[PDB]
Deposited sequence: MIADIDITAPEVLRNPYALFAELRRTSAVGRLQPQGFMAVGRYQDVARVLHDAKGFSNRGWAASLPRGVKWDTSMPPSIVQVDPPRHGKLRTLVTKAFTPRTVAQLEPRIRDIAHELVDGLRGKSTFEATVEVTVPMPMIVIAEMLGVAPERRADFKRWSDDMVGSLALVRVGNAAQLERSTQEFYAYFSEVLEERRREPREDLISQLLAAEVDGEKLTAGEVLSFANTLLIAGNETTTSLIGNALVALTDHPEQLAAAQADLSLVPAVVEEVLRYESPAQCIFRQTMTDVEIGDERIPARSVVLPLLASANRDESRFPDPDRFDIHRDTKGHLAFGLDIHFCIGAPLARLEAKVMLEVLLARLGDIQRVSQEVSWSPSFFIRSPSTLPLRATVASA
């Protein structure tokens, strides 16, 4: 039933949109079993939830955290777990460092990274797109933004891979290293994000050291797997829609639109987390106080109410108002960076690769309801040099 949703079901992992459509048709609210989490599927309702920060707290994100893992309790929580009024203070501080200006200025380096990744494909007629392209790009870009020393880049990869007993070690090593980095940049700042986070000051208030480190950590967790997902999902959508791929390969100015339609069609973050603070009502369904609630961004983005023929992938549709990056106060800080990495990587892939096909018609999706991404994506294509 819609009151007995099993996210482990192979059909749900394969095609969650069938469940989502059934939920939207049936009820404003669904229930996951055995987690007991409440799911909200209709576009208007998802938007209402995200705009209602007083009724739907971000402390719900605590429900997503891996059990059996010891957290350094001197580390403040991720910004994504914080509610007003603390949230606004923190967000205004971190976005003095992680700014649209700093993201836009990365584009030349991002293009170079894209070209180097495609250089690794030369002389091959098949490649595995995740390991060779979509997984490295976000991780390389964020390590450069954070000022990671060249000799610590492989440790950073390992930490990144582990965050997608081992997990505890990687988290401890991440913070040990960035603590050291933070003290070095207090002495001699550079142009990197740690330096800029340390400098930030608003109304004579500054981030604590814990807050700097916690935000650094958030950027890996928040940014890597989701951006990887966007690029892989784009490759899946384009290979499923040959004529659209063909169109974009002939006109690279389409790529921003491709990216927006993948964001809507195969939303990387399929849902997010909230917790009700009171008894609340959505679409005449009451949700008890203290329930974990999953606003189903992916369901909202495929809601016929908002997006006509929503199961049609159409790079020429109007994508305005999709909720892939959320909405309102917690709207993705990384949204310009994700959009830029994806545009640049797809511009380079599309320009340099000839005919692109999947090896397999079947996509092996990662076994996550929460993040929609290919576990592997073997592709057939020929490279043309940069």
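- Message: I have the full deposited sequence and the modelled structure. Can you tell me which residue ranges, counted from 1, have no C-alpha coordinates?
- Response: The deposited sequence has one unmodelled segment, at 165-175.
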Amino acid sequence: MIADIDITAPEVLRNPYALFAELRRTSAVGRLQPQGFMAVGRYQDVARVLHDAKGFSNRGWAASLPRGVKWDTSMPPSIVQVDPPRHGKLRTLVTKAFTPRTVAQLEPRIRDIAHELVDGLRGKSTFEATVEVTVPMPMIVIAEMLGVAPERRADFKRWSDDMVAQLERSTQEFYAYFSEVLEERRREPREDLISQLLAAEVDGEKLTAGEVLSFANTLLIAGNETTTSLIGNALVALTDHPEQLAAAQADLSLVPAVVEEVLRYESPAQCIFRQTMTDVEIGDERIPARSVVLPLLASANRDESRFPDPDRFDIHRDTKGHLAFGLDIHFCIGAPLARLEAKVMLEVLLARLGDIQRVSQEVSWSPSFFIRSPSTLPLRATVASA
From here on, numbers count along this sequence of modelled residues.
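- With respect to the recorded C-alpha B factors, which stretch has the higher mean value, 135-143 or 182-190? Comparing 135-143 with 182-190, the higher average CA B-factor belongs to 182-190.
- Quick one: higher average CA temperature factor, 35-43 or 62-70? Higher mean C-alpha B-factor in the PDB entry: 62-70.
- Task: From the list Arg339, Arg352, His330, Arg48, select the residue with the highest C-alpha B factor recorded in the entry.
- Result: If I rank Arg339, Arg352, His330, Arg48 by C-alpha B-factor, first place goes to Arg352.
- Message: According to the Cα B-factor stored in this entry, which of the following is highest: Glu266, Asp279, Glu260, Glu173?
- Response: Among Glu266, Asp279, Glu260, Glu173, the PDB entry lists the largest C-alpha B-factor for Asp279.
- Item | Ranked C-alpha temperature factor of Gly283 among modelled chain residues, by third | Highest third of the chain for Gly283's C-alpha B-factor.
- Would you check the entry's CA temperature factor for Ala200 and let me know if it's in the chain's lowest, middle or highest third? Middle third.
- Query: Hey, what third does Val348 fall into on Cα B-factor, ranked over its chain?
  - Reply: Ranked within chain, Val348 CA B lands in the middle tercile.
- Task: Using the B-factor values recorded in the entry, state whether the Cα atom of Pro76 falls in the lowest, middle or highest third among the modelled residues of its chain.
- Result: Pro76: CA B-factor falls in the highest third of its chain.
- Would you please rank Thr319 by its C-alpha temperature factor against the other modelled residues of its chain and give the third it falls in: lowest, middle or highest? Ranked within chain, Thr319 CA B lands in the middle tercile.
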